[PDB]
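As a starting point, one isolated chain is supplied in structure tokens, in the form deposited in one PDB entry.
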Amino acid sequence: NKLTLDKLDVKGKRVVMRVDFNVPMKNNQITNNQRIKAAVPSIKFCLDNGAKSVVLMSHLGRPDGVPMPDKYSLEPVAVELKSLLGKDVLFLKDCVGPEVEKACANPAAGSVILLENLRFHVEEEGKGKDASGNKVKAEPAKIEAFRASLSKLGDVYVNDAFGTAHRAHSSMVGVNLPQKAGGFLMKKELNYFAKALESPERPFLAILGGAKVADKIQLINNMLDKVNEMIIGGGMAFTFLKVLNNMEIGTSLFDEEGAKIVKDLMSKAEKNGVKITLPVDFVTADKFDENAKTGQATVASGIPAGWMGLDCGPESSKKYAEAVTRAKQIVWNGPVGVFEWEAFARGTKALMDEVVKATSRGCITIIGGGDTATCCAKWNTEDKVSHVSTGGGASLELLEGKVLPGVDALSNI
């Protein structure tokens, strides 16, 4: 087991906390601050328990090892943090080097400091692109020095950056202080997924949809050993329907690599008695456009040529609803339609309503982060499901049964 924040004595201690502040932006201004909010409990705790300082560190976007302050600065996060925290947050313009080090040697008894975006330095990811756009690899010597500089900012280290936990980056596995402790966001996320995967309340339903039909492979195969039911929705379904049922799918998303094992996966489900729910009907579109001409189809009719299926239909949502009703526990990863467009958002909307009714009655509902977490924000259901993950990719690594380098890097009790 690992050291965690509650076990950690901070009093008088400078805390360098890795957090995931990689919030969606538009035109420099934050569109979702959930990732920020989620870190608050760890930060406050340190403040309330007498920390000399919290020096926060994160990445935003993918600047690829070149500094891009015009486009990917964390400054706006500082402003949000201070508002959240009802306290001052001092933003630094770099994350390493003498100046930053001076700022972080001995702050006051409670000063919050935010570092600039980690990824401006190629040493964080260990690789990136140079200013001319060329793929480059960072240098071991330079990587150690970078790692050393982060080390100085703090007496002790805390990782609350669950969403970045799958990334073996310098700030996540390279900060070599004596005590490295997992924050409250880390413990909470890990605990939910672990409980859901190891000892779920049953029946356990996984809802898989979205697009990323191929990446959902290791995931389904693992889930197939954990679950009692699975909805396979959204873009992914079409590959299953064409293969199993010889559906005419038009221009709908199709995944050739995926089509190869669809039969294997289905037989595994049959073996395990996992009831698989695929869509039986669809909202079609004449083109991939918000204002496209719409239509309806079924597995049996096909989708016209060469229309595409962009939402499930009414029968499908009902069958989805039947599964939600039976479930004691739900993991939902991926929307079941192109929810960003009104024409194609009904199936997702109806699924959200059902999941929401289920929470209400004690079904454990876990939402996968990424696009699904986005639906919650959009529709105000963030506080009406048991947990909305802050990490899409990291959660998948977890659902896939993989280990997280961010978790592993922590100190052992």
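All residue numbers are counted from 1 along the displayed sequence.
The form deposited in another entry exists for this protein as well; it is not shown, and the discussion that follows is about that form.
Rigid-part membership between this form and the one not shown: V338 and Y192 are split apart, as judged by which of the two superpositions better fits each C-alpha. By 3 Å or more, the C-alpha separation between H166 and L219 shrinks in the other entry relative to the form shown here.
Relative to what is shown, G163 and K216 are closer in the other entry; their C-alpha atoms differ in spacing by at least 3 Å.
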